[PDB]
Amino acid sequence: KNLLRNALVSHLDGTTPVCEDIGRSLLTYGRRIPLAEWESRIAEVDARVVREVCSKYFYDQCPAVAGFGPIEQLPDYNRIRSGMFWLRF
Amino acid sequence: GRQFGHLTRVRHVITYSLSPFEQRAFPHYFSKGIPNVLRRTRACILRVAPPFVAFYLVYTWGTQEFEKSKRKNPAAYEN
């Protein structure tokens, strides 16, 4: 959480990054979303939220894999796919 | 033994692939498979099949001679 707070604030430092943020936020969210709202969102996150939210997008999900280079040892897709779930769970 | 990462050198080949949960396990099982087996059959009959009919022919003849020669036989002993 703290890492996100520092990142959020560290980023919006100076006219250019803030401008880019105003400009594109309006494109995406439609509004600006003031620091404080982000803060409340972040505050709401606890272990449970991480577990659930992660499970939803990650758990037993088919990934997209891209590889370039000396990739003979890159695991087979089935093998990568089996790493997306845990047999003890 | 040998390990992935130390087998051999390969340059320039791209492999595209799908997740099993995204594809069918039997697509055109019959539509494409039957034709395929007919084709592999044609490709090998001339080499596989002949020696076996050769055995088959010797199998039927061989037993035929056996029966007619010994048992069935007692042919002529005429007086």
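What counts and how
- Residues numbered from 1 in each chain as written, not as in the entry; some residues may be left out.
- Chains lettered and ligands numbered in written order.
- Part of a larger assembly, values for the part shown.
- Heavy atoms only, no water.
- Helix = DSSP H or I, 4+ residues; strand = E, 2+ residues; numbered from the N terminus.
- Rg over C-alpha atoms; globule rule 2.2 N^0.38 Å.
- Buried < 20%, exposed > 50% of the residue type's maximum accessible area, 1.4 Å probe, protein only.
- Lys, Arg positive; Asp, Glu negative; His and termini not counted.
- Charge placed at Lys NZ, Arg CZ, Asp CG, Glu CD.
- Contact = heavy atoms within 4.5 Å.
- Buried area = accessible area lost by both parts, 1.4 Å probe.
- Salt bridge = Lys/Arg side-chain N within 4 Å of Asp/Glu carboxyl O.
- Polar contact = N/O pair within 3.5 Å; in protein donor to acceptor, adjacent residues only side chain to side chain.
- Nonpolar A, V, L, I, M, F, W, Y, C, P; charged D, E, K, R; others polar.
- 1 Å grid on protein atoms, 1.4 Å probe; cavity = no way out; pocket = protein on both sides within 12 Å on 5 of 7 lines; lining within 4 Å.
- Points joined across faces, edges and corners; volume = space filled by probe spheres on them.

For this deposition, the record names X-ray crystallography as the technique by which the model was determined and cites 2.35 Å as its resolution.

It is worth spelling out the overall build of chain B at this point. Counting secondary structure elements, chain B contains one helix and zero strands. Taken against the 2.2 N^0.38 rule, which gives 12 Å for 79 residues, the C-alpha radius of gyration of chain B at 29 Å runs more than 25% over that of a compact globule. In terms of overall dimensions, chain B has a C-alpha envelope of 90 × 40 × 20 Å along the principal axes. Per-residue burial over chain B gives 1% buried out of 79 residues. Side-chain charges in chain B split into 13 positive and 4 negative, and the spacing between the mean points of these groups amounts to 23 Å.

Bringing unusual backbone geometry into the picture now. Residues and elements named next belong to chain A. At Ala 36, a position not held by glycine, the phi torsion is positive, near 135°. With respect to the secondary-structure elements, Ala 36 resides in the loop between α2 (15-28) and α3 (37-44). For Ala 36, a relative accessible area of 46% puts it in the partly exposed group. Look at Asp 60: it is not a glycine, yet its phi comes out positive at around 65°. Take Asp 60: it is sitting in the loop between α4 (47-58) and α5 (77-82).

What follows concerns the interface of chain B and chain A. Frequently, the measure chosen for interface size is the accessible area that the parts lose on association. Each partner contributes residues to the interface: chain B has nine residues there, and chain A has six residues. Buried surface at the junction of chain B and chain A, summed over both partners, amounts to about 600 Å²; 57% is from carbon and sulfur atoms. Connecting chain B to chain A are zero salt bridges. Here chain B and chain A share four residue pairs in polar contact between them. When grouped by side-chain class, the residues that make up the side of chain B that touches chain A number four nonpolar, five polar and no charged.

Another point: the layout of surface pockets. Its boundaries defined by the atoms lining it, the largest pocket holds a volume of some 1200 Å³. What lines the largest pocket is a set of 32 residues, among which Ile 71, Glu 72 and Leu 74 of chain A together with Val 13 and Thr 15 of chain B lie closest to the centre. Residues of the lining of the largest pocket, tallied by class, amount to 17 nonpolar, eleven polar and four charged.

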